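This report concerns only the one structure given below.
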Amino acid sequence: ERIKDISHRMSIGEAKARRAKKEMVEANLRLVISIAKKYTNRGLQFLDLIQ
DNA sequence: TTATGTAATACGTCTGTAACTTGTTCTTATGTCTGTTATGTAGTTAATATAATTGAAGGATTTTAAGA
């Protein structure tokens with residue numbers, strides 16, 4: 001019982017944290033493309049820079 | 001006739017050359033270990049900033065799939 005409860009608490013905490021981080025990065029995607037706009041035509045394509 | 005003594009001659013042979021072989025001894029080239037320096041990798045930085053990009057151009061015909 002104890003290990004099951006610990007596992008459930010771990011899982012819910014990690015899921016919450018992952019969801020929050022995913023929301024944050026999905027927000028800042030635009031800042032990514034903005035900054036990566038400035039380093040094109042240097043041997044790497046635009047989308048590699050974005051990634 | 002026959003002993004004798006010189007002489008040609010053929011065969012051993014003693015010694016001088018040379019081949020086969022090893023000791024060993026010295027020299028050198030190489031492989032390896034170790035110490036030091038340069039190279040290669042990696043992590044971090046906290047005013048704020050939040051949908052590219054650059055061209056490119058008078059083509060003339062066929063055949064074959066999608067759309068209706």
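Starting from 1 in every chain, residues are counted up; chains themselves are A, B, ... following the order of the structure tokens, and ligands are numbered from 1 as listed.
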At a cut-off of 9 Å, using only C-alpha atoms (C1' of nucleotides), what residues contact stretch 32-46 of chain A? Leave out same-chain residues fewer than 5 positions from it and give the result as a list in words.
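So, after excluding close chain neighbours, the residues are residues 51 of chain A; 49, 50, 51 and 52 of chain B.
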From the DSSP assignment of the backbone, select every residue of chain A that is helix (DSSP H, G or I), and format the answer as number ranges by chain.
A: 2-39, 46-50
Tell me the residues of chain A close to chain B, meaning within 7 Å using only C-alpha atoms (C1' of nucleotides), as a list in words.
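Result: residues 28, 30, 31 and 34 of chain A.
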Write to file, as a PDB file, in the first residue's frame, the residues of the selection just made, with N, CA, C and O atoms.
ATOM      1  N   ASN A  28       6.561  30.353 -25.280  1.00  0.00           N
ATOM      2  CA  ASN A  28       7.773  31.064 -25.696  1.00  0.00           C
ATOM      3  C   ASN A  28       8.286  30.655 -27.076  1.00  0.00           C
ATOM      4  O   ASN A  28       9.367  31.112 -27.493  1.00  0.00           O
ATOM      5  N   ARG A  30       7.309  31.658 -29.871  1.00  0.00           N
ATOM      6  CA  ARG A  30       7.433  32.850 -30.702  1.00  0.00           C
ATOM      7  C   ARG A  30       8.737  33.588 -30.425  1.00  0.00           C
ATOM      8  O   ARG A  30       9.371  34.114 -31.347  1.00  0.00           O
ATOM      9  N   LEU A  31       9.148  33.652 -29.161  1.00  0.00           N
ATOM     10  CA  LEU A  31      10.433  34.263 -28.856  1.00  0.00           C
ATOM     11  C   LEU A  31      11.561  33.450 -29.475  1.00  0.00           C
ATOM     12  O   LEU A  31      12.554  34.014 -29.953  1.00  0.00           O
ATOM     13  N   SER A  34      11.692  34.409 -33.109  1.00  0.00           N
ATOM     14  CA  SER A  34      12.189  35.778 -33.195  1.00  0.00           C
ATOM     15  C   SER A  34      13.707  35.825 -33.094  1.00  0.00           C
ATOM     16  O   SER A  34      14.378  36.427 -33.940  1.00  0.00           O
TER      17      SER A  34
END
Any idea what the distance is between atom CA of residue A:47 and atom CA of residue A:29?
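Taking atom CA of residue A:47 and atom CA of residue A:29, their separation equals 12.4 Å.
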Length of the atom CA of residue A:9 to atom CA of residue A:23 vector [Å]:
21.4 Å
Just to confirm, what's the straight-line distance from atom CA of residue A:49 to atom CA of residue A:25 in Å (one decimal)?
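Between atom CA of residue A:49 and atom CA of residue A:25 the gap is 15.9 Å.
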